[PDB]
Structures are given as C-alpha cells and as structure tokens.
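The next block holds one structure in the form of structure tokens; read it before the comments.
Heads up, the Cβs are rebuilt from the backbone with ideal geometry, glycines too, and the neighbour counts pull from every protein chain shown. Just so it is clear, none of the values below were taken in a lab; they were calculated from the coordinates.
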Amino acid sequence: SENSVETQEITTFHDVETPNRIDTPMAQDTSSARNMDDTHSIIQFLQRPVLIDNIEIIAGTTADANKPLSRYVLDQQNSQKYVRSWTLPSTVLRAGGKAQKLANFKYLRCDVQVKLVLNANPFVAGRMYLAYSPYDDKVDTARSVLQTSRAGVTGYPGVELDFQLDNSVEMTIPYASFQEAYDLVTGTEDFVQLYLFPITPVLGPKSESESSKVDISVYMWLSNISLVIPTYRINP
Amino acid sequence: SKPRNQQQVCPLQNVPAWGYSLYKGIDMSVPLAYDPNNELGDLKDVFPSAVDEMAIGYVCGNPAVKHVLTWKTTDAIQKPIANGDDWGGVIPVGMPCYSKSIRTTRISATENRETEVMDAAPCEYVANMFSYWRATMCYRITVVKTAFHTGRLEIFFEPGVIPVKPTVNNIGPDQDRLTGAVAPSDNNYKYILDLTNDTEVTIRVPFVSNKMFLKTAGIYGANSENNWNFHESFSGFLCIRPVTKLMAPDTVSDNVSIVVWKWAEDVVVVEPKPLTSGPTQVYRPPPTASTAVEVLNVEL
Amino acid sequence: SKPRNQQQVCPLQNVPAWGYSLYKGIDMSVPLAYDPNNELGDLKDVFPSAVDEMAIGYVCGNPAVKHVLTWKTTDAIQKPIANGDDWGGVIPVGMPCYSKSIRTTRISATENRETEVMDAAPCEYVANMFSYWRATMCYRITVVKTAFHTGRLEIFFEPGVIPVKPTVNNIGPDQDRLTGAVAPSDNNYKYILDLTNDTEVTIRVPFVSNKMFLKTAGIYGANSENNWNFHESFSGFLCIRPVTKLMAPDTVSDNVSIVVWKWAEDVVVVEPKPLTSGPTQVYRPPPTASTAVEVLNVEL
Amino acid sequence: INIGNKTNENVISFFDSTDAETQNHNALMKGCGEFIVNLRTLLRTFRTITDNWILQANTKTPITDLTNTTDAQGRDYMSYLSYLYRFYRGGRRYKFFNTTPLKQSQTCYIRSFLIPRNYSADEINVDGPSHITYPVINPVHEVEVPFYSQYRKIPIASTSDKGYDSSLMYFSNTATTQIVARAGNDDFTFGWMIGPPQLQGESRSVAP
C-alpha cells in the first residue's frame, strides 16, 4: 500500500501504491517456438564463427604475397613483407553483424579465437607463420614485428602453418590490454594486431597454365566474454 | 681486562633525516622537554565527541549541498533543467570538483587577472590533497514541494564522456545533446521518483570505468586548451530530467526546488601529492573587490 | 637515572652505496611514498599467463627459425648445401650468434661506415648479456616437402674447430673441406632421416668440449684480424648433407625447404657483463638508407 | 608407404654420458659460485645508464628528458629486456653519483620529487613526497620511485594518454654533472614474452 518498488532488467520504479494491476486469467502455453530452439544468450551469440577473409595465393608470383621473410631488416623502407593485417578486436566486432548486437553496452572483456581452414592440392608445398603482436602500431618503431629479423619474427607467439600436415589451426589470442574492460563508445581499441607471414616461398612447377592455388580462409569468434555497463550511445 | 676490539668495521652513509616523508619509522627529532618518555594521554575527555573524527570514512561521509534547482511549468519534458546554473541538471558523478567561478579584477588599463574560485564539498576538499581516487559515490536528491505538487521525475546514470562546451575560461555542459529523442533514457540505469507522496531518494553509484583509479584534477585549468584531465576524472554523470511535467494549481507556486546533496563512501586514494599544476592554495576572500590575492609560485 | 656510556667505540668506514651491483642485501634507496611497508601484490591477475615468464629455462626455451634452405636436384650428394646463405648447411652448435649482415653507408667521397647487424634468436639474445656460457643445445630440422618427394638426409655432429674462410669483414664456412671423400661421415654421431613419410626431427646436442664454459663473443669483430674468439665459442657444428639425391617428378617442384629451428635447454651463464668490445647496443632500423646510427663509445 | 604425410615427432639425442642438470651444479661450483637462474634477479642490480649528464643550474628536470633517449640503446638491463617483453609493473630505483668540480663559495644540495609520466617542467606542483641530500657530505642520492598507477600494468611507449603512473623530478642548485644508475624495485617485473629484435655490432668504418 506504501511500498511499490519493483525491478525490471536494469530499471526501478517508485509509486504510492501498487497501481491495481490486472493480468491474464491463466497463463496457458501457446505456439511452440520454445520447442524448436533454445534461447541463445548474448554471451552465446558472440561465439559464432564468421567468414572474414579469403586469401588466394598463386606461385607465381608477381605480387607481394610470396615475397619470403627477409633474413635481415636494415632500414624501415625495406620493412617486413606480409600477406594481411587484422587489427583486433576492431575487425571481429564489426564483421558478422556483432556490433549491431552489442550496441547499448559499454565494456567488454573478450578473447579472440582464430581458425584457419586451409584447402590446397597435393602438388604444392610451403609453410607460413601466424604471429600476433600487441600494440604493434602503437609502440616505438624498433619493437614492432615489421622491423625485426626472421628469427625475431618467428620468435613471436603463433603457430606453424604447413600445408600437408595442418588443415586447421586453433589459436587463442588472449585479453592482452592494460585497460580493464575494452571501451566501445568512442572506440579506438586496436590492441592486439595480427599478421600472416610466409616463411618459405610457395613452390610449384615453373611451367604455367597449371594454376597452383592455395585458398586460405579465416574464422574468428570471441570467448570468455563479459559485457557489463549499459549506455545510450554507440559509434556507427 | 682491557681486550682488543672484536667487532667488524660498520659501513657508513651520511644521510641526515633519511626518509622524512613517511608516517612510520623512528624519527630523530629532539624533544625540548624534561622527560624522554614524553607521553600525552589518550583521546578521553578532550574532544566532546566519541567518533574518530579523522578517518576518511567519516571525513568524506559528510553531506553537502551542491545544487539548488528551480523546476518550472515553463520547462519542457525529457530534457534536463538548463538554468544557467550551469551544470544543474547534469551532475557529474565523481569525487573531485567540477564547478568554478571566476573573479575578474583590474591591474592596468588593458590587463586583468582571472582567478578560479572553486566550491568545496568535504568529499571534494580531501580529494584535492591526493592524486588518484576511487570511491563509491552517493547523492540524496530531495524535492522541496508543497502538499499539492505532483509529477514523475527521472534520474538516470550514464557512464563515460560527459557532453561539454569548451569556452575561453570554463566548461559548461551541453543541453543540445541531452534533449530529445536524440538521447533516449531507455537503456541506462534509472530511478523514477513520484512527487505525490514520496519526497527523498538516495542514489548510490558505485565505481565502474575501465581503470583502477581516476584523477583528482577535476575543473582546475579546464578550458578550450587543456581539457584531457576533465574527461578522465568522473565516469560519467547523473541526469535529472522530468518524465512528466509539473502539475501545480494557481494557489501554490509554480516553482519547486530540487536540492542535490553529495558525499562519498568507501573512499581510497593513492598519492599524497596534488595532481594539479599549482599548490593547495586555500582561497581567502578579499575585503574589497579592488584588492587581489597573493599567488603561490613554483620556484624553490 | 642518566648513567655513563658503556658501549665500545664503533669503528667506521664512509662508503655510500656499498655494493650496489648485487641482487641481494638491503639497499638504502629512499621510497618517495606514504608508507615504509610499501608492498605491491603478487603476480595474480596481472599478466594473462601463469607461466613464470622470466626464467632462463623459459626465455631460452623459445624456438626461432635460423635458416631456410633450398635443396635442389642440381645439388650433389655427400656435400653440404652451399647456397650463398652462407652458413646454411653448416650450422654451428652453440648458444651465441654466428651470422652478420653489413650495412654500408657513405660519409665522404672516399670514406664509408660498415655497421655489423646481427640476427637474434632468443637463445642468442640472452647470451649477449653474459660472458661465458654452458648449455645443452637443440635443433628441430623440418623438411617442407610435398606428398611425392622422397630421399635420405644426413645430419652429423663434429666437435672442435669449424672450417672457415676469413674475409675482410666476415667469416664464411668452407665447403671445399666438407665435400668428398675428403671428409667422411662414418665416425661422427649422425641421424639419417627419411623423406618418404617422416618429416621432422629434433636433434638435442649436449655440451662437450674440454672446458667448463665457452665464450659469448660469437661473430662480433670476427674477421681476418681478430678470429680467436670465434673458434673458442661453439664446440663444432652440425652438418646437413644428403646421402641420397632428391627424387622428384616433373609435376611437383624440384625445390624443397629445410627450416632449421633453434633453442637451448639447461642454460647456465657466468658473468653479468658483455665479453664483446662494445656495449649492448640494440640496432634501431633507420628510416632512410642515407641516415646513419649513433655509436656508443667507451669513455666515462 | 602410401602417398601422404605424417608427423611422428622424434626427440633423438646425441652424447648421453650423465644427466645434464647434475653436471651443471658441479661445473658452476668450481667456476662460478654464483648460479644465475631468473632474469627477474637482474632487474635488481644498478647498472649505469649514463656516464655524464650535465644538468643546467636551477632547473626542475624530469628524468624523461633522459629516459626517452636511454631506453633506445639498451645499455642497462632495464632497456635491454625492454625488447623481450611488452608490459611492466613496479617502481624504478635511481642512484645519482656526483662528479662535479665543486666550489666552496656555494652550498650545494640536491632535491627530488614526483611527477606523473611525460609531463613537462612547469605543469606540475612541488609539494609532494621529497628527498634531499648534500653532496659535500653524501655524494650518492638514494631514491626509489613507487608504483602509483591507474592501471595494473603499463605497455611501452603508449598512446596520447599521459600521467598514468608516477616518476621522478630532479632539482638541484648548481650545474652538477653526474652519473645515473638504475634498476627496478623489489616488485619490478616484466611479462608477456615476445621474440627479440636485432643487435648492433662494431662500427670500425673502413674507408673503401
């Protein structure tokens, strides 16, 4: 009669009395959408793998995709040559429609998974290396992966990427930032910044009209997430 | 009976007053007294309280009025009270200061001195000493109404960057961005008070913003030039904007008052030095407006 | 109640900062803090690993690629891969560096500067700090082959002096002495890998050469003039030379790759100073090739 | 024998006289005495980062006017292990060795203070936890900066944020040239291992 303080998700009210609320006579169950699928939570929804990139290699090669790793890097013009650059988590959040499903939240504590499905013919050899380097375009110039030697590139954490032995890799890129719980509104996140390096050049028969392809693909999804503070904004 | 010396050579460093800026450790200050065991009594029968009157749990647990609002029938709904306060409807959650008044005197025919004068809540006044803070804030919003004023009033949190207006000498909030229908209040933590018979509410806001400690700069040197420290000091703002307009008959007055109290519980601080670009100068009110205040400088 | 002094005369030496270069012993550095018992927490929840990330058992246990070889059908048998690597087929067992690249800029019309730039495995990078070493080496030789390349590949140890070629600015190995029928591989420790279905091998080489510790000079200042320290630093070399030639059809490519990894287990070191004739200068890559690098000199 | 590939990892070994861990104790007991295990222990020894630092008289000088220069070289152990890691926590002990041709017509003294990182000279106050020495009676300035940070750990050479942990300000009165040495405090440690960058050798600079 005096105490009407009820609680919604994140919302509380303050009335004089309980305002004479009427409702359903009996809450009988109806159409069977509950019996067709269980409800997917928002921590369950940010664990779906997405098709991000589709990298094709031909050897070849006129392009930069088969320049091998330099044994020495003597100057910043002749930096280390790579394939692609994924600037996590700003790539994994925008793709797959995730950012239009974690809107109206503020802080995030994620761990990015990376999987490489690989599919090449038996008549082609080679080897790559999938290194990640946190703050790789924030730290001073000499400390980045793109300026060190071949022994220094491979010494970074990662996994071997041989063709005939590995058709799938599982790498767990950790929560690797100094700030507690990544900001989203006015976001400049870009903490861990991934790379893909070829160690040996891709090898095939030197006669052409043969089409020695590689066709890498990249899957990423989050893990061990905690999504906490509600807001009204978001970056587009 | 007079043997030779058996002790080793004691090494040595000549440091008079080694580590004087620490509250623990035996200090070499000579007492100018009769007894070396000079012991004052305990705190019995001296101060007429029994509460330990210096713990930060009690000093910062002292309520102070910050804002006095005037909520009118002229003012619209779903829009905070913009009154020339200038903060008023947008109270920044956080322990250090956020407001300032500027005193403009004259020196020559074309030169003036603009001295920033700040108000000081006791939660604010302790935080000026220390550099980095972390505290669970509190606010007790009270409506000063008659028996006949009714309505519904909303207070909602928002974490992060506060909307501002940088000026030449001060920072004002920006009520162009908090109106509408351009900034909804449907996903924030909120409380919808009722002016029918309920009057007061205390809204405890714990500390959550992506860092272990914020800064205690606040509004010192906050202007168009230097306003990084103002953003990294609060974890957002409360916002008092009305859901439903004030319903008042012609007998009672159309103006009600909203008094915003402030304190801070569970306070912890980091360094015993001021983070500001100036010493802790306490403002002494001059007798006549033509007189100026002595300024502490930074040479040694 | 105020008696006379009974203690002896404490002897004295005035040594400020007595023994500052030791990791043990109470040091007189004054903390600029509030509390003398200033205690940071343990390593919980700070670094996102649980592995103790600074022990030399873990720092030097970090695998790094040293060589990438190209083994062809053109190349003969019973002869190491001479590719202009230039080491390549002759990998010196040992923890410090063995390779260098020379950067040649211009200063005047007839004067240049030749700065030695070395690669750094993490086993190598720790050893530059220390003077004398002793470590059980490791190597993981991997063939990058197709499903159709076969063959037999031999890796054999050799203790002692590595065959060399002193030049004006660098030391290259000498493949004239490792060919034949003039250097057999019938008495050395060896491993004969099979390229039919086996791919990898790890070849742990423990430490055996007539001394308790070798030196960590390696390739620093190794040339025609000063090459004593290069001989007294390795305990010999592995050598990858093929027993049977590469059998590859015309469909697959005639070039396979041999990737030589490197780390060091059970590492112990002696002195915390560099044995080299220069400080530990970390090479910073210049932006443009016309710019030179600042050189650390030896005055005090 | 079929057309395909396997992995079949082989840790095959060469010379196998005795266990390795047993001989390393016997080798250091006759050659060293000291048994270096953990690189955390090398962040406790004061290696001299400069040989000469001619400070202009009467100027509150931050050490970041020297730290931005001397974290590049890796001469000490703090900046040489700044390349094998990414994060750090813990305060930096500093010692200052006086090397000045002192003059009797003055009373030389040395102060020290705190600034947060990367602030300039005039934009900070002076009343803080201090320390003072007199180089006529004590040539060594024995100062330890604590770890007063907003964040639990700090990456090297961060973004446009500044003033997020504390460091030293160095004030004198006369033009004292000194030696500066450093190492981390009792709870200073790195983490988050990466691979190492390159090294630089000798620069004899022959003419042709």
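Couple of notes before you dig in:
- Taking C:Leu32, C:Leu193, C:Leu178 in turn, the Gaussian network model of chain C (Cα-Cα springs below 10 Å) assigns the largest fluctuation to C:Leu32.
- Peptide C:140-148 shows a mean partner chain C-beta count of 6 within 10 Å per residue C-beta.
- Sparsely packed trypsin sites (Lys or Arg not before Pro) within region D:78-173, loop by DSSP, other Cβ within 10 Å at most 11: D:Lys103
- Relative contact order computed over chain B (Cα-Cα under 8 Å; 6+ residues apart), in percent: 30
- Chain B - Rg and Dmax from Cα coordinates, angstrom: 26.0, 108
- Using a Förster distance of 30 Å, the FRET efficiency for B:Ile102-D:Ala121 (Cβ separation, nearest 0.05): 0.70
- Once the convex hull of all Cα atoms in the protein assembly as shown is built, its volume per residue stands at 311 Å³.
- Backbone geometry of region C:112-120 corresponds, through the Karplus equation with coefficients 6.51, -1.76 and 1.60 at θ = phi - 60°, to 3J(HN,Hα) couplings of 10, 10, 10, 9, 7, 10, 10, 7, 9 Hz, x marking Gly and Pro.
- Neighbourhood charge, 13 Å Cβ-Cβ cut-off, centred on B:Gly172 and excluding it, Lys, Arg +1 and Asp, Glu -1: -1
- FRET efficiency for A:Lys67 and B:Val268, using Cβ-Cβ distance with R0 set to 60 Å, rounded to 0.05: 0.65
- Debye, to nearest 20: dipole size of region B:91-167, +1 on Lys, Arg Cβ, -1 on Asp, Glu Cβ: 160
- Shown for B:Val144, B:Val205: other C-beta atoms within 10 Å of each C-beta, ranked fewest to most, produce the order B:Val144, B:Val205.
- Under the convention that each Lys and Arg Cβ holds +1 and each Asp and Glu Cβ holds -1, the size of the dipole of chain C around its Cα centre is about 440 debye.
- Efficiency of FRET from Cβ geometry, C:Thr73 and C:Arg177, R₀ 25 Å, rounded to 0.05: 0.55
- Environment charge of C:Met28, counting only residues whose C-beta is closer than 13 Å and scoring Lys/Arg +1, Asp/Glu -1: -1
- Loop-located trypsin sites (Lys or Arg not before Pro) in region B:1-89 (DSSP state not H, G, I, E or B) with no more than 16 neighbouring Cβ atoms inside 10 Å: B:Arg4, B:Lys24, B:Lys44, B:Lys72.
- Secondary-structure-derived ellipticity at 222 nm for the protein assembly as shown, considering helices only, amounts to -1000 deg cm²/dmol, per-run term -39500 (n - 2.57) for DSSP H runs with n ≥ 4.
- Spatial offset of region C:75-145 relative to region D:141-208 amounts to 30 Å, using the alpha carbon center of each.
- Within the straight-line cut-off of under 18 Å between alpha carbons, the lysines reachable from C:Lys211 are D:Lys30, sequence neighbours fewer than 8 places apart in one chain being disregarded.
- Dipole moment magnitude, nearest 20 debye, the protein assembly as shown about Cα centre, only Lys, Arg, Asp, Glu C-beta charged: 2040
- Gained length - D:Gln56 relative to D:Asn10, 0.36 nm times residue gap less alpha-carbon distance: 10.2 nm
- Other residues within the sphere of radius under 11 Å centred on the Cβ of A:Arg127, judged by their own Cβ, net out at -2 (K and R +1, D and E -1).
- Shape of chain D, Cα gyration tensor, a/c cut at 1.5: prolate
- Flagged links, alpha-carbon separation over 19 Å, of C:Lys72/C:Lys145; C:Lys145/D:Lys6; B:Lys66/B:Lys190: B:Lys66/B:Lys190
- Least to most buried among C:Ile155, B:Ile81 (fewest other Cβ within 10 Å first): B:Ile81, C:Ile155
- Cα gyration tensor shape for region B:97-162, rounded if a/c is under 1.5, else prolate or oblate: oblate
- Relative contact order for region D:1-135: 18 percent, from Cα pairs under 8 Å spaced at least 6 residues apart, divided by residue count.
- Test item: D:81-94 mean partner chain Cβ contacts at 10 Å: 5
- Peptide D:61-67 has a mean shielding of 0, counted as Cβ atoms of other protein chains within 10 Å of each residue's Cβ.
- Phi-based couplings in Hz for region D:98-113 (Karplus 6.51, -1.76, 1.60; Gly and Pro marked x): 6, 9, 9, x, 5, 10, 7, 6, 9, 10, 6, 8, 10, 10, 6, 8
- Dipole of chain B computed with +1 at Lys/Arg Cβ and -1 at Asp/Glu Cβ about the Cα centre; of B:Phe130, B:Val260, B:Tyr283, farthest Cα towards the positive end is B:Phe130.
- Computed over chain A, relative contact order equals 34 percent, with contacts defined as Cα pairs under 8 Å that lie 6+ residues apart.
- Between the amide H of D:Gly191 and those of D:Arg86, D:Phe87, distances stay under 5 Å, these residues lying 5 or more places away or on another chain, with hydrogens modeled in the peptide plane.
- Region D:6-44-region B:267-300 distance, computed between alpha-carbon centres (Å): 61
- Amide H to amide H, with H built 1.01 Å from N, C:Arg241 comes under 5 Å of C:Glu154, C:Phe156, counting only residues 5 or more places away or on other chains.
- Here the ratio of the Cα radius of gyration of region B:179-300 to 2.2 N^0.38 Å is 1.53.
- Cα gyration tensor shape for region D:94-138, rounded if a/c is under 1.5, else prolate or oblate: prolate
- Taking trypsin sites (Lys or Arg not before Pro) across region A:173-236, the ones in a DSSP loop with at most 10 further Cβ atoms lying within 10 angstrom of their Cβ are A:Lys206.
- Amide H within-cut-off set for A:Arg127, under 5 Å, with H built and near neighbours excluded: A:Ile199, A:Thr200
- Unit Cα scatterers, Debye sum, chain A: log10 I(q)/I(0) for q = 0.14 Å⁻¹: -1.01
- Coupling constants for region A:208-224 follow from the phi torsions by the Karplus curve (6.51 cos²θ - 1.76 cosθ + 1.60, θ = phi - 60°), and in residue order they are 9, 6, 10, 6, 7, 9, 10, 6, 7, 9, 10, 10, 9, 7, 8, 8, 6 Hz; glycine and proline get x.
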